[PDB]
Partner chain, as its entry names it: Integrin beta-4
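In structure tokens, the next block holds one chain alone, the form solved without its partner chain.
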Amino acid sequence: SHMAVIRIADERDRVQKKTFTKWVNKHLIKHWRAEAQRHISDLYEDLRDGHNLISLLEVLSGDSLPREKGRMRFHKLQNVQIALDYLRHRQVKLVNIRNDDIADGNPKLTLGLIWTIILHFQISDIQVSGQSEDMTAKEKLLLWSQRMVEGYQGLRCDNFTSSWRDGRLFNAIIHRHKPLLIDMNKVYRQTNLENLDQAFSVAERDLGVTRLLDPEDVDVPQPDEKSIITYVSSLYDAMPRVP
């Protein structure tokens, strides 16, 4: 039923919005200016005037950016363009996004923009042995993921969706780095949620990785790709060495 597919597609979007919202908040709070340490309530509303966008880029780059102090739409578009122009200076190719779209809270383009920023700042230097230079950041992260669970019995990482549903990969990657923290023998028998909860809990408590995903989000036949990548990438950053 087409109704089933839309249901799943809408669900993946719900998860992506929740994920990017947590990711943005994670960084915004690290901003040096107290009043810039804002909290996003609705990703489709709190980036519209451009201020949080500028703050996000400042925190991620350490670079200082100007801000319009007016309230006219003209000021908002300009505020948004400051952020968009910085990304271009950074040689980031902007996909299909206009000032107007961000100023009007365009859902898809807003998520698209946050995705672009995540990709550029968090998934820009993955290094993995066996790496082939032509590979994209996404392809590199997938190889790193595969390289990481290499020596584990019967578990493959064919992608950034279904492959991560049962929590097995998440636990193996943690174990690979801190075996004394994960009982791999037990992760094979227990439920998907059980594995997901454990992984996210250990990652946070012992590796200091923010819990971007809820086990309930990932235990679906096709988890949201970008949500998975985003979190997996933050797992990579918690790793001290390169496989």
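Positions refer to the first chain, counted from 1.
This next part talks about the form solved in complex with its partner chain, which is not shown.
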query: Its partner chain in the deposited complex: contacting segment from 157-165, 67-75, 139-147, 120-128, heavy atom within 4.5 Å; finding: 67-75
query: Sole residue of 204, 216, 45, 63 within 4.5 Å of its partner chain in the deposited complex, by heavy atom; finding: 45
query: Within 4.5 Å of its partner chain in the deposited complex, all of 194, 197 and 210 (non-hydrogen atom); finding: no
query: Residue contact check: residue 85 to its partner chain in the deposited complex, 4.5 Å heavy atom; finding: no
query: Residue 90: touches its partner chain in the deposited complex, heavy atom cutoff 4.5 angstroms; finding: no
query: Residue 106, heavy atom within 4.5 angstroms of its partner chain in the deposited complex; finding: yes
query: Distance check, residue 96 to its partner chain in the deposited complex, heavy atom within 4.5 Å; finding: yes
